[PDB]
Amino acid sequence: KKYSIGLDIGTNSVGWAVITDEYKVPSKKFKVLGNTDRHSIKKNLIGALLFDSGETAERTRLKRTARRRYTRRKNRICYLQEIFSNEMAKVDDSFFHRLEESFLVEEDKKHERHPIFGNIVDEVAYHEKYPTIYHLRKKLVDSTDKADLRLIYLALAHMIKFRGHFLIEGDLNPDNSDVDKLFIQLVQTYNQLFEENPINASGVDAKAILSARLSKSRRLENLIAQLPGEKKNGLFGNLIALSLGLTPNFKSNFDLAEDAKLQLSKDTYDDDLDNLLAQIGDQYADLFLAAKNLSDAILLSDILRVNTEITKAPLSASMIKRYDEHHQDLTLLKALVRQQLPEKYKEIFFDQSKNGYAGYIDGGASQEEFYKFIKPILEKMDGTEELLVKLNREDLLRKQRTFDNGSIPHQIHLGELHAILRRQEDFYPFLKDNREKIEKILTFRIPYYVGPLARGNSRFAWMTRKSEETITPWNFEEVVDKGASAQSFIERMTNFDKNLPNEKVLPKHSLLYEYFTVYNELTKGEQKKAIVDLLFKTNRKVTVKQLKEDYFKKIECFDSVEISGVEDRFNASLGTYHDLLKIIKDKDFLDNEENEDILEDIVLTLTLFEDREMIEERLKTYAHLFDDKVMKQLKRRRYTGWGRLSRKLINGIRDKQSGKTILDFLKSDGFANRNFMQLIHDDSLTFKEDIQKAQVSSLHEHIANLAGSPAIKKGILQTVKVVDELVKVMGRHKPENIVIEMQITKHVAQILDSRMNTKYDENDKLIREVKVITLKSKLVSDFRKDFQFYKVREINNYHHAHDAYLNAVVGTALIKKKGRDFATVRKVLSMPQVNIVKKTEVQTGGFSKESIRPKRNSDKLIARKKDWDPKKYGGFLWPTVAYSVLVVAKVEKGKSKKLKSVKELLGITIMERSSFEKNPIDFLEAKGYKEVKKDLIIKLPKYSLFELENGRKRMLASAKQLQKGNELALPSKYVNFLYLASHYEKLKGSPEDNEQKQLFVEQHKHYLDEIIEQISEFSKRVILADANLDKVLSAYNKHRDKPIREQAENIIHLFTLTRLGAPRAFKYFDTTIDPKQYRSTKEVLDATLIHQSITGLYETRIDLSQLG
RNA sequence: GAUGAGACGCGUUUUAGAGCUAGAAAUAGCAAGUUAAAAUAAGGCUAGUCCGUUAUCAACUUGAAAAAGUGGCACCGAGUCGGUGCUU
DNA sequence: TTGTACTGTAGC
DNA sequence: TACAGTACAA
C-alpha cells in the first residue's frame, strides 16, 4: 500500500525510484499500445531520465544585441541616403542603386559593374588618385575647391557607418586623452588603494616613454628603470603590462591558489576580469579599468602618430602615412627576398596558403601569424635589421582596418565630418541646411534607460512614448517621455532581496551597505563606535597594527593586545563615505541623519544610469542643499552593482520585541558579539519568524521567478513531471514521503510540498500527507563508500537510478529510525532492468553554422538570401535538423520514368520547420515526393528510440545518423572489483581497510579476464564494431602483464565503446581507437519505434515494417 | 547566481580596384597586393530605427488553442524483464 | 549511379 | 559531434 519515491536531480539527469516499506522496488505489467504483437511488458519502478543541459539566455542576448546594431547601422546609412538623394538625383540617377547591387555578379547586376562612377576610366582615376578611403577623407578635409558630391557621400558614409566608440563623454581634451593625465590618474588610484608604501611619479614624462616608437618589452623595461622602487614583476609593472596589452599574472602578486591572467584581446574587452575579482575582491576594479583606459590612450597615440603636426585631419593622414610606409617597406621586402633567397619567393608572395604576404593579404592569416612566419626568414636573410624592429614594435606592413581601431573615439570622426561639411558648406546649400542633421546621425546613441524603440510588440522594451510618430535622431528629444522611460527602467533594473523577495536591493556602493559589511566583520558597542569613528571614517584601509597602535595604545592605553578575529587587515571598507567626503567637503552634512535618504538616492542614481542627462536631472533636485563645484565634480562619478540586503531589511524591519533592526543589533548587542547569520537564525529574534513568513509568495510562477541557472531549472521541471507520472502509475495514491538530493533545496522542497499537501484545516495550517524529505549527498556517498556498494560513471547510466533508490532507502531509514535488508539492497543494485529514458527534444537554435563558405558548384550550400544563388555567392553549411519525418511516397527515378514506392526518413531543418508545419503535403511535394500518404507521416525528434533484432536499440540523432542506445548491465561484484582496482593508493582510510580492499582485488584478478569477455559479448550482440573489437582484444592481450592501476583505468575508458550516446574515440595504454560511426538510418525503416513516456513505464510501440 | 538595455572593432562572403610578356598549351616568368560597397542568421507583419538561436515539447482521444482524459493485482525468479495464479 | 570509410570542420 | 569532402566497393 504505502510507498516512497526517492529522487536524484542533476544538471543532465533526473533519476527516480519507487520503494515499498520493505525497501523493495515493485514490478508491474504495464500495458503497451500500438500495432505490435506485445500487449504488456513487465517493467520495474526504477529508472532515470537523461536530457541535454538547459542553456542560459546569454548567447541568445549576444545575437539579439548584434541583430539590433546591424539594423540601426543600416538605418543610419538609410538616413544619410535620405538626406542625400534629392540633391544627388540631379548628379547621378543610379548611384545608390549601384551601391546596393555592388554585391551582385555582373549577370545579376542591372547597371554598370563599377559602383562609384559607372565608367571604367573614372573608376581607375579614382583608385589611382585615392588608393584608400583615407586619401579621399584627408583631401576633402584639406581642399577648398568644389568636390564631387558622390565622393563626399562616400566619405560621410564611411564615417557614419564606422563611427568609433562612445567611451569618452564630452569633447576631446588632454585631461582624458593625453597619456600622462590618465597615467597620473592610474598612480593616484594606485596610491589610494593601499596608501602604505606608495609610488610617487611627478618628474616623469609619460609621453616620452609610453608613446615612444620602440618594442613593448623594452618600453616596459625603460619605464621600470625610471622607477627604482618597482620592478617589472611587481604589481605596478603588472598593471603597466596590462596597459601595454601583455598577459600578466595577477595571481602571482595576490598569492592566489590558482592561475589568474588578463589581456585586452580583440574581442574580450576586459570581461575576463570577473574570474579575478571574484577571488581578489572588487577594490582593484578601479585600478584595472584605469589600466584599460590608459591602454586605449596608448593605442590612440600610436595610431594618431601624425598628431605631431596640426596641419590636417589626424586619423586620415595617419592612415595615409601607414599606407606610404607599407608600400615603401613592401617593395624593400620584395627586393630583399628576390635578390638573396629566390627559393620561397613564390611561397611568400604567390602561394597565398602558407602565411606569406600573399597569405597575409589574399588568405586568412592575421598580422601576428604573418610576423611569426616571416621572422625566421628575416633572421636568416641579411639587411633585415631596420625592418625587424617593425615586427618587434608591431608596425610592419600594417593594414588600415585592424582590431586596434576599437580605441578610436567618435569625436575624431565627428571632427573630420564637421571639417568636411564646413569646407563644403557654401558649395552645397543642403549641407548648410543639414549639417546638424548629419552630425546628429553620427553622434546620436540610444540611452541605457530607453532600450528598444518599440510600440508594445517587444518582450524587452519599457520605452514610453509621448507621441505616435517615427523616431529619428533629430526628433528623439521630443518623442520619448524621458521621465516615464527612466522611471520604468528603475522598476525593471531593481533586483530583489533573497531574504525578502518583495523588497528592492541596495546599491553595492550604498553607504548603509558599507556600514553593514564593516560592522558584520567586526562582530565576528562603544568600542566598535570608537574604532569606526577613529579609523574607518578616517582611512580606507585599516590593518591590525593600526588598531593596536592608534586605538588601543592611544585611547584604551593597552600596551600589548592580541587580536584573533582579523588576521592582517579588514576586507570591508567605507569607500563610498570617503568618496563623498572627498567630493562634497562639508563633512558635517552626512552627520545629519535626515540626509541619509538624499545620499542613498544619489548613489542609487549613479548605480542606475550611465548617461549624463538623466543623472543631471535626478540630482538637480538637491541643488538647494549644496551647489556649484560639488555638482560639477560629482556628475562625473559613477558606481556599479548591487548588495544582497534590501533597504527594507537592513534598517527597514524592526524586531517585534527588542525594538532594534539588523544594523541596530550589529552596532550594539550588549556585552557580547553576534553576527548576521545568527541574527537571522536565532529563534529569540523575530527576524527568523518574519523572514520564514515573508519568503513564500502555478509551477511556472515558482520556476520563472527563483534564482538559478536554466541548467538546474530543467532538472527541477523534469523531476516534478516524474513525480506526477509516478503518482499516476500507483493508482493516483500519494507517497508517504519523498526524498531529495543536495540553498536551492528549500525552494525544491516548497514546490513538491505545495503540490502534494493541498489540504488544510481551521486549526491545522497544513496537513502533511506527504513529507518531502531533503538529504545531503555526503550521507549517501558515505553510505556508498562504507558498505561496498560502489559506483562509477563510465559503465552505465544506472548509477542515477541507483543513487535515487539509495536516497529513498537512507531517507526512509532516517525518518523511521543488517540482514535481509542488505541482501535486498544488493539485489536491487545488481538488478538488470532499469528504465533509462533519453528525452526526445526538437532541436532549436541557429539553423546552420555561422562560417560563410566560398562559391562552389555543389547543391548542398545553403542560400544566404532569397535571390542569392549559392552556386555564385557562396553560403552556409552544416544545417541543423529540428526533427526527422518518416515519409512513404513515390519518387520519380530513372531516365525511363516509372513510379517506385520508397520509405525513407527526411530531415526537416530549423529554417524549413515553419514551412513544413504550414503545409506538410506541399512541402513534401516540392522535394520530389508524390502520392504521399498523409496519415502515415510520423514526426521523429532527436533521441527517438528504435528496437531491432536481438534486443539491439538505436537512438536517432538525425536523419542520417544513429546512436548507441543499449545499456551494459554489468553485475555489481564486477563494478566493485573495478572500483577497488582503481584508486589503489588513495583511499585515505585505515591501513587495515586498505589491505582488505587489496586482497579482494588481487585474489579475484581473473574477473578482469571475464569482464573483457563481457565487453566482447555485449559489443558483438548490440554494438557491431567488430574491427574495434579485434583491435581492443589484441591491445588487451599484448598489454596483459601491465599492472592493476593502468589496466583497470584503461578498461574504465574501454566502456566508451559500450556506453550509450554518440560513438566517441577512447584510448587504451598507447593505441587510440577511432569511433565506429552509424552514418546510415536505413535499418530503422523496418525497426520497432519506441514511444517512451517521461518515466518510460508507459510505451507505445509502432512496428514500421507494417507501414508501406 | 539569474535577467536586460546601449555601443565599438575585427572576421567571412560576392563584386569593383583594366594585370604584362612568351605563348598551339596543359602553362612559365614578371608585375601587383593595404581599400570600399552590400549582407551578417533564411525572413515575419501588428510595418516598429520592432521581432526571429533562452524556456516549453513520448503516443492516442476530445479541444482553434489553452487544457483535460486515457493503461488491474499478488507470488516465484532474472541478460535489459520472464513465468505462474485470481480479476473484469 | 549508390553506399560506406577516413579525415577534416566548426566566429570572436 | 553531426555534417562535409574525398576516395573507393558494387
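Things to note:
- Restricting A:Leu905, A:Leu861 to those that are away from RNA strand B (no atom under 11 Å from the Cβ), in contact with a strand residue (DSSP E or B) (Cβ under 9 Å, 6 or more places away or on another chain) and outside the structural domain of A:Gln718 (by TED's automatic domain parsing) reduces the list to A:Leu905.
- Residue identified as crowded, with 19+ Cβ neighbours inside 10 Å, outside the structural domain of A:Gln996 (by TED's automatic domain parsing), assigned to a loop (DSSP other than H, G, I, E, B) and of a type in the set (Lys, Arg) among A:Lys791, A:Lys734, A:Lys765, A:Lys759: A:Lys791
- Any hit, the range A:832-854, residues being more than 15 Å from DNA strand D (Cβ to nearest atom), in a helix (DSSP H, G or I) and either β-branched (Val, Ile, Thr) or within 24 Å of A:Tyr974 (Cα to Cα) (or both): no
- Any hit, the range A:327-344, residues being under 18 Å from A:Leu396 (Cα atoms) and surrounded by 20 or more Cβ atoms within 10 Å (Cβ to Cβ): yes
- Qualifying residue in the range A:672-683 (condition: within 30 Å of A:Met614 (Cα to Cα) and in a helix (DSSP H, G or I)): no
- Any pair with Cβ under 9 angstrom, 6 or more apart, that starts in the range A:577-603 at a residue that is buried (at least 17 other Cβ atoms within 10 Å of the Cβ) and ends at one that is assigned to a helix (DSSP H, G or I) and among the charged types (D, E, K, R): A:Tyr577/A:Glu514; A:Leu590/A:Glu596; A:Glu600/A:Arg647; A:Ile602/A:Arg618
- Filtered residue count, the range A:1079-1108, keeping only those that are under 29 Å from A:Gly715 (Cβ atoms) and either of a type in the set (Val, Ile, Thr) or out of contact with any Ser or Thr (no Cβ under 6 Å at 6 or more places or on another chain) (or both): 11
- Exactly one residue out of A:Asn12, A:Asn44, A:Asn35 is under 33 Å from the mean Cα position of the chain (by Cα) and either among the polar types (S, T, N, Q) or farther than 30 Å from A:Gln843 by Cα (or both), and it is A:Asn12.
- Number of residues in the range A:816-864 that are within 16 Å of DNA strand C (Cβ to nearest atom) and of a type outside the set (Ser, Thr, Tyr) equals 17.
- The lone exception for A:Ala1087 - which of (1) touching an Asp or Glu at 6+ places or on another chain (Cβ under 9 Å); (2) closer than 30 Å to A:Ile938 by Cβ; (3) more than 16 Å from DNA strand C (Cβ to nearest atom) it fails: (3)
- When the range A:1039-1086 is filtered for residues that are closer than 30 Å to A:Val888 by Cα and within 13 Å of DNA strand D (Cβ to nearest atom), the ones remaining, listed by number, are A:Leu1060, A:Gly1061, A:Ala1062, A:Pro1063, A:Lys1076, A:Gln1077, A:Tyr1078, A:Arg1079, A:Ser1080, A:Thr1081.
- Subset of the range A:953-973 that is within 16 Å of DNA strand C (Cβ to nearest atom) and basic (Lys, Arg) - its residue that is farthest from A:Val834 (Cα to Cα): A:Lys960
- Residue count, the range A:1014-1072 (criterion: among the hydrophobic types (A, V, I, L, M, F, W, C), within 19 Å of A:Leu970 (Cα to Cα) and more than 16 Å from DNA strand C (Cβ to nearest atom)): 10
- Qualifying helices (runs of 4 or more DSSP H) (wholly inside the range A:312-409; at least 3 residues being of a type in the set (A, V, I, L, M) and within 22 Å of A:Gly164 (Cβ to Cβ)): A:314-340
- Residue check for A:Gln843: polar (S, T, N, Q), more than 16 Å from RNA strand B (Cβ to nearest atom) and either under 35 Å from the mean Cα position of the chain (by Cα) or under 27 Å from A:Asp993 (Cα atoms) (or both): no
- Whichever residue in the range A:420-470 is polar (S, T, N, Q) and surrounded by 13 or more Cβ atoms within 10 Å (Cβ to Cβ) and, among such residues, is farthest from A:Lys139 (Cα to Cα): A:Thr464
- So A:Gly451, is it more than 25 Å from A:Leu167 (Cα to Cα) and of a type in the set (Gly, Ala, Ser): no
- Complete set of residues in the range A:865-908 that are closer than 16 Å to A:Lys960 by Cβ, away from DNA strand C (no atom under 15 Å from the Cβ) and either surrounded by fewer than 17 Cβ atoms within 10 Å (Cβ to Cβ) or hydroxyl-bearing (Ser, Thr, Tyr) (or both): A:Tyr883, A:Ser884
- Tabulated pairs, the range A:467-478, first over 15 Å from A:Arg455 (Cα atoms), second part of a helix (DSSP H, G or I), C-beta under 7 angstrom, 6+ apart or interchain: A:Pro473/A:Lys440; A:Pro473/A:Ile441; A:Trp474/A:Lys437; A:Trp474/A:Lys440
- Considering the range A:1073-1084, and only residues there that are exposed (fewer than 14 other Cβ atoms within 10 Å of the Cβ) and over 33 Å from the mean Cα position of the chain (by Cα), the residue that is nearest to A:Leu1104 (Cα to Cα) turns out to be A:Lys1082.
- Taken over the range A:857-883, residues that are assigned to a loop (DSSP other than H, G, I, E, B) and of a type in the set (A, V, I, L, M, F, W, C) amount to 4.
- Residue among A:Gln996, A:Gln963, A:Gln1014, A:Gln1003 that alone is away from DNA strand D (no atom under 16 Å from the Cβ) and buried (at least 16 other Cβ atoms within 10 Å of the Cβ): A:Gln1014
- None of A:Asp296, A:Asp302, A:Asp270 is farther than 17 Å from A:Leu220 by Cβ, out of contact with any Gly (no Cβ under 7 Å at 6 or more places or on another chain) and more than 16 Å from DNA strand C (Cβ to nearest atom) except A:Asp296.
- Residues that are within 14 Å of A:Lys927 (Cα to Cα) and either small (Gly, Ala, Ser) or within 11 Å of DNA strand D (Cβ to nearest atom) (or both) are absent from the range A:870-886.
- Every residue from the range A:607-631 that is assigned to a loop (DSSP other than H, G, I, E, B) and either farther than 25 Å from A:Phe476 by Cβ or outside the structural domain of A:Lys582 (by TED's automatic domain parsing) (or both): A:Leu625, A:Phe626, A:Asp627, A:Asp628
- Qualifying residue in the range A:688-695 (condition: of a type outside the set (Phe, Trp, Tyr), part of a loop (DSSP other than H, G, I, E, B) and over 30 Å from A:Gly6 (Cβ atoms)): no
The values are calculated or read from the model by the stated rules, or taken from the named source; these are not laboratory values. Positions of Cβ are backbone-derived with ideal geometry, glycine not excepted, and every protein chain shown enters the neighbour counts.
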